[PDB]
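J.: Sharing a structure below in structure tokens format, with a few things to ask.
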Amino acid sequence: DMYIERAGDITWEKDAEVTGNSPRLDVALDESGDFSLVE
Amino acid sequence: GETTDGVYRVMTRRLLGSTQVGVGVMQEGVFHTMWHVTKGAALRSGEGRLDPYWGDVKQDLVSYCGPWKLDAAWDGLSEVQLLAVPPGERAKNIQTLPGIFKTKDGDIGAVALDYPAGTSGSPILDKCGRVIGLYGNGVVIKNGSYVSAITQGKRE
Ligand SMILES: Cc1cnccc1NC(=O)c1cc(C2CC2)n(C)c1C
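Laid out in structure tokens, this is it:
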């Protein structure tokens with residue numbers, strides 16, 4: 050039985066850790082809402 | 016229940032201790048999460064009850080107390096921030112330039128940051144702090160890593 054707790058304001062924070070890449074991927078979305086890689 | 020705008024953890028006690036199953040966004044009195052977090056189940060906010068209002072397993076989205084409110088879009092150019100809320104750990108902004116999911120029905124923003132599955136539903140933000148969609152539905156890549164769509168609903 051699920052419950053929620055507040056974890057912060059939703060704010061852009063200048064000088065946050067910058068990381069991650071920007072990959073262009075070919076994908077398919079099925080009726081169950083699962084993404085898959087098309088190759 | 017707490018109806019203050021912001022980001023919230025979604026917790027269960029149906030397992031060992033208190034387990035974080037995901038995250039969501041409260042905005043204009045509506046709670047927004049991913050379908051795979053709640054499976055459409057009702058939620059508690061203290062002694063208050065949140066009932067599902069709208070849901071779609073294909074979008075992997077669900078809203079509580081009212082219709083989907085979040086309509087901001089990734090501009091296709093600018094960096095974004097994942098406001099990650101990991102299990103046991105404080106809210107943290109991570110800034111990133113999204114990649115792109117190419118599908119038969121159009122292109123979608125994608126973010127390549129590893130976090131546990133319990134982070135699913137964390138909001139992705141634009142430079143004005145608007146929620147452009149949620150993190151937690153995507154694909155596993157050659158590396159073994161995870162890439163999440165920027166999943167956004169429709170406002171009516
Ligand atoms: C459980 C589920 C059901 N249906 C669709 C998507 C999911 N999501 C995952 O499987 C998932 C999400 C993440 C992290 C980015 C948050 N990780 C690492 C995994 C494996």
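From first to last, the protein sequence lines are chains A and B.
The deposited numbering puts the first residue of the first sequence at 50, with every later residue one more than the last.
The deposited numbering puts the first residue of the second sequence at 16, with every later residue one more than the last.
All residues carry an ideal CB built from backbone N, CA and C; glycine is no exception.
Can you tell me whether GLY144(B) is helix, strand or coil according to DSSP?
T.: coil
J.: What residue does the alpha helix (DSSP H) around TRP50(B) start on, and which one ends it?
T.: In the DSSP assignment, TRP50(B) falls within the unbroken alpha helix (DSSP H) covering 50-53.
J.: Starting from the Cα of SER60(B), find the closest Cα among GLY70(B), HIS51(B) and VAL45(B) and give me that residue.
T.: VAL45(B)
J.: Report yes if the C-beta distance between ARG73(A) and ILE115(B) is below 8 Å; otherwise report no.
T.: yes
J.: Does DSSP classify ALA164(B) as helix, strand or coil?
T.: strand
J.: Give every residue of the same chain whose Cβ lies closer than 6 Å to the Cβ of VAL154(B), excluding the five residues on either side of it in the sequence, and list them in chain order.
T.: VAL162
J.: Please tell me whether, using a cut-off of 7 Å, the distance from the CB of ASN152(B) to the nearest non-hydrogen atom of ligand 1 is below it.
T.: At least one heavy atom of ligand 1 sits closer than 7 Å to the Cβ of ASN152(B).
J.: Hey, would you say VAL25(B) sits closer than 8 Å to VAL40(B), going by beta carbons?
T.: no
J.: Got a sec: is the Cβ-Cβ distance from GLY144(B) to anything in chain A below 8 Å?
T.: yes
J.: Please list, in chain order, the residues of the stretch 51-80 of chain B that have any C-beta partner in chain A closer than 7 Å.
T.: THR53, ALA56, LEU58, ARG59, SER60, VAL72, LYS73, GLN74 and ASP75
J.: Are the CB atoms of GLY148(B) and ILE156(B) within a distance shorter than 8 Å?
T.: When the beta-carbon positions are compared, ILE156(B) and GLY148(B) stay at least 8 Å from each other.
J.: Could you give the C-beta distance for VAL77(B) and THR48(B), rounded to a whole number, given that I count them as a contact under 8 Å?
T.: Sure, about 6 Å apart at Cβ, within 8 Å.
J.: What three-state label does DSSP hand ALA132(B) in the structure shown?
T.: helix
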